[PDB]
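Structure record follows, encoded as structure tokens.
Letters go in sequence order (proteins before strands), and every chain restarts at 1. Because only heavy atoms are used, hydrogens play no part in the values below, and waters and symmetry mates are left out as well, while side chains stay in.
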Amino acid sequence: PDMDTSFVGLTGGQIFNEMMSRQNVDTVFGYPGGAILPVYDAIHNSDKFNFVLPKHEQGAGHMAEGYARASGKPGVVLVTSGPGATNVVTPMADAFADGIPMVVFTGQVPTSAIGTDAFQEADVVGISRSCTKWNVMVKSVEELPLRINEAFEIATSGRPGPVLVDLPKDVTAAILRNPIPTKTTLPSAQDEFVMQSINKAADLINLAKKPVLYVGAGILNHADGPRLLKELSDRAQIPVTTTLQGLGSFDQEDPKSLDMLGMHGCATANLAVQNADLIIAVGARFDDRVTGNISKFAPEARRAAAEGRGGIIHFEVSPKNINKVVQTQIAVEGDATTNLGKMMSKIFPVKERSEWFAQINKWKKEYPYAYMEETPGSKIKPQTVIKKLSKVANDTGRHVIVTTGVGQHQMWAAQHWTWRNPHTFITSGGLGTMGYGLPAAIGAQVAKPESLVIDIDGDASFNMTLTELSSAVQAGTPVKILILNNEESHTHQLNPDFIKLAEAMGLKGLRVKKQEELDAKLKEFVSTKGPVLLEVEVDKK
Amino acid sequence: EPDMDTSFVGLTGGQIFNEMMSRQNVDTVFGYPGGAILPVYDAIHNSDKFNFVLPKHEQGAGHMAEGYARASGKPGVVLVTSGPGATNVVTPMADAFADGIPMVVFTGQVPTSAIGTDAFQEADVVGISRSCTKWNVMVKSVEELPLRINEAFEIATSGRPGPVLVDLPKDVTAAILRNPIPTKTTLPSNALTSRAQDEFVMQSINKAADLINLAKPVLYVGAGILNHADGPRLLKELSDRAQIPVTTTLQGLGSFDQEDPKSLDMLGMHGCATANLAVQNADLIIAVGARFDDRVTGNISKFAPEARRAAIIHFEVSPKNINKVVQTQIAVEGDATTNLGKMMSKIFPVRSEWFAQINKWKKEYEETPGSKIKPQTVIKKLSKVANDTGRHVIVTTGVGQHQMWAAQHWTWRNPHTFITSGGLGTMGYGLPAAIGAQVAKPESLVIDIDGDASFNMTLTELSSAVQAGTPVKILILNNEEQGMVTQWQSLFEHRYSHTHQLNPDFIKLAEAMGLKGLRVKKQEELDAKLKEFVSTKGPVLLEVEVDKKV
Ligand SMILES: Cc1cc2nc3c(=O)[nH]c(=O)nc-3n(C[C@H](O)[C@H](O)[C@H](O)COP(=O)(O)OP(=O)(O)OC[C@H]3O[C@@H](n4cnc5c(N)ncnc54)[C@H](O)[C@@H]3O)c2cc1C
Ligand SMILES: Cc1cc2nc3c(=O)[nH]c(=O)nc-3n(C[C@H](O)[C@H](O)[C@H](O)COP(=O)(O)OP(=O)(O)OC[C@H]3O[C@@H](n4cnc5c(N)ncnc54)[C@H](O)[C@@H]3O)c2cc1C
Ligand SMILES: Cc1ncc(C[n+]2csc(CCOP(=O)(O)OP(=O)(O)O)c2C)c(N)n1
Ligand SMILES: Cc1ncc(C[n+]2csc(CCOP(=O)(O)OP(=O)(O)O)c2C)c(N)n1
Ligand SMILES: O=P([O-])(O)O
Ligand SMILES: O=P([O-])(O)O
Ligand SMILES: O=P([O-])(O)O
Ligand SMILES: [K+]
Ligand SMILES: [K+]
Ligand SMILES: [Mg+2]
Ligand SMILES: [Mg+2]
């Protein structure tokens, strides 16, 4: 057996510290507590890590999600036992539904006390079983490195997701006395069937006359995904449409872009999909919000399949989701980016699809998706605020990241903003957690310090977690908080004075009541150095 | 006909739910809207038969419900939507579970036909809340709705009270009851025994009643005694008769008037030193509605010397707790209060060497003008000011040093007046619990003695207080200068700590939320601000800059 002694003499806390470094972790979100003290002190006292403190553990969890989605790295959360652990359940469930990599470490009462109704003792492993890909309770310090490495491996492989590691106080406070297996300290057949599927899929794409790329979140789980997607779209001249969670993976300013697909997407995108002979699904799960009545989804693709000249190709990483909603002609199992890479050289270069694009461009100017404009001297419409802010943001030339709350403003943000860069739309889709906006924006800002981070929030959503406003100031994250306030069966909620709230929290507050002041405020909003909140009184829902 | 009930035929799940709440004597519901719970939400929200309290975050709803229950004696009813709505009430359920607080949580769920398909906002709530509820279930059909509701309330309020969860699929609550259902399933499972039951209990009651009289004793009373209306009343009678010293756990505070000369006050490590000794200088420890927390007896082995010989009576309700931590001599299973009445007769009226011994031990155990303000002084002065109003006063707190100071330096007199998170110790509990308590006792003066870090956890509920019209008095003992994490300290006792959270301007926050804000920086302004604080009509927040070296 290959043994290692480099950790002998250290405490669980220092080992934890060392393991984070080996995992390339430089940011940790969390809140202190007695049970997690040994680890907290180690991380909090090291200048090797940036410890971000929220005002509520839920904040830590959502901040970690924002961090992960904007960086591509797993979000690390550190909290204490009992209430500390239960306060991160929503964020774990949220991350679980959206497939976001997150590693949650929770302090626990001493192993000797487990199952005695000790103070702040909770069956966290049991509580988080359904909202984590995997969880475990470290039983001894020798086991610590192993569990950490497993946690990171699982959280970042297959469909990314959250994992939880329960850390008993006696275990993290103990000192490693014995050497441990070297393997456990270092990070991390059908191979033929998959290669066959890649060939078959290449054959279908080369064969297609009116193909469509239906792209989702999966393409963002690899740094080169968006690049290879563009390459494939250019090489075979294939129009590209994305899901809500796929926004940003393809430049919407590109001529081949169909924009968002679904009951809330562009008519043109929905048409291309209903008329296509081949649909190439890349990192998307065919949600009914996208497909509509499944039995009537992609009729021309079905016909092609029936006649042996098309159908549906699905690049999926999870075997469980293959053929789950729709029967597919071909399924390429595994990482979408990797497989698109292996398939590129097999794709026949297509000079043009004049007819297909003619029909598409015809629908574009035939169904110009536009909301109901605003009548002079009247309540400001939210879609307008978004279309405009998008322009103002764009004029700065900076990299822009957008987070949102949950509600009507969420869909408007998705629809009326012009997406161009990957990892720039961070919204809660799977679970739809109100209050996500602010903390996710803070975490995204910590991940991309130079980026302009905007949170397009709703008034009710914003109230859920507005206490994190002071956390933004403390963390030095200059997030731009936009609140589309449409508050005048019918649950009228009382809102605080958002501007006075902001000032009370330590930020600059701005308000807009009339159309004649919107443009100036939007510019000041985006131009302000430091965190700032802008409330725009908008027309009732 | 008592066989089938037809009164609900034709109604929707939502109206049935509405009717069931009435049969359960529910007039208050805390919750937040969402698509999955819409059918029920609309029914409750549109009825003037119920007061629907809206928080800004579901966690607020849960803690508000706990405060409501502890101050009223009734179960706290919570109504939330699926997914995030359900997961946001997990902490409050875990909190209520640890402190044995009756709470009925109703969560909207995706249609039964969609269960297990990863539908939008679908969560295995029954699985998530299994370890933090006494019982839970997912209603499968509208005919089953009345049954589950009655079971939920029965379980939440019997044995050791606790939280229960009822998962409500949208299609089920939106459906209309077409067929009749058995009357048994629609009648509340409210609350007779046999000679076999009466004898078994009476047996242990007498055996215990003997070991009592035949001894010279101490009452170790806890939260259990407050779970019966006439609980504390019989506690006094049993202390008067045989002249017995009464000591309470943190959760027992208020069960016995600390004015009476027989009060040993609070027990445990952060308790009055006198009590800890009296618990040793006692020949017989009469445990009443307590669970011997290790925080009450660290040296489990060195616990109760004089009582460890001539035979530790235990009036417990859950057999699963008897002889599961400490070792008892006699066990009087069942409701404490009830078993006390069933033992009042067998008690021989009356001790002088007992008091003298204590009074001495007790008689054996401030700030200078110009220096920092001490928390203890704030609490003692506030207790006095509160008392001078003559009103019924209820106190809630956050979690931390201020929690223990509130317990120690306040003078407890009335039952159901100290509402603090002891079992789970949930920071952020103060404000929402105070709002719920206020809704339960509209005429009571409700004070939340909070800490700055704890208060930040849930300060968004401030606007909820204004909206609900609850005139809660929020006291924030801000000691932000000392960190909330100790690195090291002094033996003989300074504290060096780290991790300081940046607090917002509490006064400007209050004003922004719609309340009156007050601040105290110097000792020379404390008394006036305390009086204004308590005298202000409407919700008000008072921040007192306190010494970080206390
Ligand atoms: C009222 C309402 C309206 C909505 N309208 C729309 C709409 O019009 N259009 C729209 O798009 N959405 C809409 N949504 C959102 C929608 O419900 C789904 O949440 C979302 O579209 C799912 O997107 P996704 O498939 O890209 O991501 P996910 O649900 O995260 O699924 C990603 C898929 O990719 C797979 N995957 C992950 N990583 C990899 C990898 N490395 N390699 C290969 N595969 C991988 C996953 O296993 C999974 O199958 C709406 C929601 C609501 C509440
Ligand atoms: C920093 C800190 C310091 C603390 N210091 C102290 C301290 O010094 N002293 C202290 O006491 N606590 C202290 N606590 C609180 C402590 O952790 C426990 O939560 C508390 O002592 C439990 O009190 P209890 O047993 O009275 O109530 P519970 O924990 O609620 O237990 C009640 C018991 O009574 C039973 N019961 C319930 N209803 C009935 C009924 N109707 N009839 C009969 N039996 C019934 C229950 O089943 C249970 O066994 C502290 C907490 C913190 C965070
Ligand atoms: C934690 C949580 N509670 C409840 C819901 C149900 N819900 C979905 S959208 C919505 C209202 C959103 O209001 P607001 O944030 O103001 O946005 P708007 O739709 O007005 O833009 C609610 C209550 C939810 N998604 N999450
Ligand atoms: C939700 C939650 N997170 C963390 C803890 C750990 N914790 C216990 S006391 C405390 C600090 C309390 O600070 P404050 O509220 O300001 O009170 P003080 O002790 O200063 O009076 C913390 C962080 C907890 N009990 N609950
Ligand atoms: O300080 P805690 O984590 O023991 O409450
Ligand atoms: O309104 P929701 O709960 O369906 O998002
Ligand atoms: O309080 P500190 O340790 O974060 O500076
Ligand atoms: K767009
Ligand atoms: K006292
Ligand atoms: Mg709104
Ligand atoms: Mg404090």
Side-chain angles (χ1 to χ4, degrees), chain A residues 83, chain B residues 28 30 53 55 57 59-74 76 91-92 95-96 98-103 223 226 250-255 375 378-379 382-383 386 391-462 464-465 468 470-477 510 515 533-534 539-544:
Chain B
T28 307
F30 306 83
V53 181
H57 186 295
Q59 185 189 348
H63 292 315
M64 290 183 322
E66 298 186 82
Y68 176 88
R70 296 183 69 181
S72 71
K74 302 158 62 59
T91 286
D95 186 280
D99 279 334
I101 300 173
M103 176 188 275
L226 295 169
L250 174 83
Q251 302 297 42
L253 294 181
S255 64
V378 177
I379 296 179
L382 179 51
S383 190
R391 306 176 71 193
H392 181 264
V393 184
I394 295 170
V395 172
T396 65
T397 77
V399 174
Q401 299 175 68
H402 65 289
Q403 175 175 37
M404 296 316 302
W405 292 325
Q408 308 179 312
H409 305 298
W410 187 280
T411 294
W412 307 103
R413 309 198 60 188
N414 302 152
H416 297 272
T417 58
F418 190 43
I419 300 175
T420 192
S421 177
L424 189 69
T426 305
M427 284 172 70
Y429 186 80
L431 177 51
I435 290 168
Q438 187 65 282
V439 172
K441 296 295 182 175
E443 308 319 311
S444 295
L445 169 64
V446 185
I447 300 175
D448 161 34
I449 297 179
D450 227 331
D452 55 303
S454 285
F455 184 73
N456 278 97
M457 297 268 306
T458 57
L459 84 221
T460 189
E461 298 309 343
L462 236 30
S464 299
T470 51
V472 297
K473 312 307 177 199
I474 315 302
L475 168 73
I476 294 177
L477 294 172
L515 315 68
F533 174 57
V534 167
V540 59
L541 182 160
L542 164 64
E543 162 188 34
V544 175

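- The side chain to side chain donor-acceptor pair (under 3.5 Å) test applied to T417(B) returns no partner, not counting sequence neighbours.
- Nearest heavy atoms, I394(B) versus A71(B): CD1-CB, 4.1 Å.
- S444(B) pairs by the side chain to side chain donor-acceptor pair (under 3.5 Å) definition with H392(B), not counting sequence neighbours.
- Residue pairs that meet the salt bridge (charged side-chain N to carboxylate O under 4.0 Å, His left out) test with at least one member in residues 417-426 of chain B, sequence neighbours left out, do not exist here.
- Expressed to the nearest 0.5 Å, how far CG of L459(B) lies from CG of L541(B) amounts to 9.0 Å.
- Atoms CG and NZ, from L382(B) and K473(B) in turn, are 11.5 Å apart once rounded to the nearest 0.5 Å.
- Here the side chains of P375(B) and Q401(B) are not in contact, with every heavy-atom distance at 4.5 Å or above.
- Counting only residues at least two apart or on different chains, no salt bridge (charged side-chain N to carboxylate O under 4.0 Å, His left out) pair has a member in residues 416-430 of chain B.
- In this view, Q59(B) and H56(A), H63(B) satisfy the side chain to side chain donor-acceptor pair (under 3.5 Å) rule, not counting sequence neighbours.
- For the pair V378(B) and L475(B), the minimum side-chain heavy-atom distance is below 4.5 Å.
- Here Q403(B) contributes atom CD and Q408(B) contributes atom CD; the two are 11.0 Å apart, rounded to the nearest 0.5 Å.
- Closest approach of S421(B) to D99(B), counting heavy atoms only: CA-OD2, 3.8 Å.
- Nearest heavy atom pair, residue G67(B) against residue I419(B), reads O-CD1, 3.9 Å.
- Here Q251(B) contributes atom CD and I101(B) contributes atom CD1; the two are 7.5 Å apart, rounded to the nearest 0.5 Å.
- The shortest non-hydrogen separation linking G451(B) to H402(B) is N-NE2, 3.1 Å.
- The backbone N or O of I449(B) sits nowhere less than 3.5 Å from a side-chain atom of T397(B) that would complete a donor-acceptor pair.
- Shortest non-hydrogen contact noted between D448(B) and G398(B) is OD1-N, 4.2 Å.
- Side-chain contact between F533(B) and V544(B): absent, with no pair of heavy atoms (C-beta onward) separated by less than 4.5 Å.
- The two residues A69(B) and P102(B) have their closest heavy-atom pair at CB-O, 3.6 Å.
- The side chain to side chain donor-acceptor pair (under 3.5 Å) search around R413(B) returns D257(B), not counting sequence neighbours.
- The backbone N or O of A407(B) lies less than 3.5 Å from a partner atom in the side chain of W412(B), making a donor-acceptor pair.
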Going by atom type alone, with no hydrogens or angles, which donor-acceptor pairs under 3.5 Å involve a side-chain atom of residues 424-443 of chain B and a protein atom two or more places apart or on another chain?
from	atom 1	to	atom 2	distance (Å)
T426(B)	OG1	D95(B)	OD2	2.9
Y429(B)	OH	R70(B)	NH1	3.2

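- At a threshold of 4.5 Å between non-hydrogen side-chain atoms, the residues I474(B) and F455(B) count as touching.
- Within the 3.5 Å criterion, the main-chain N or O of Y68(B) finds a donor-acceptor partner in the side chain of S72(B).
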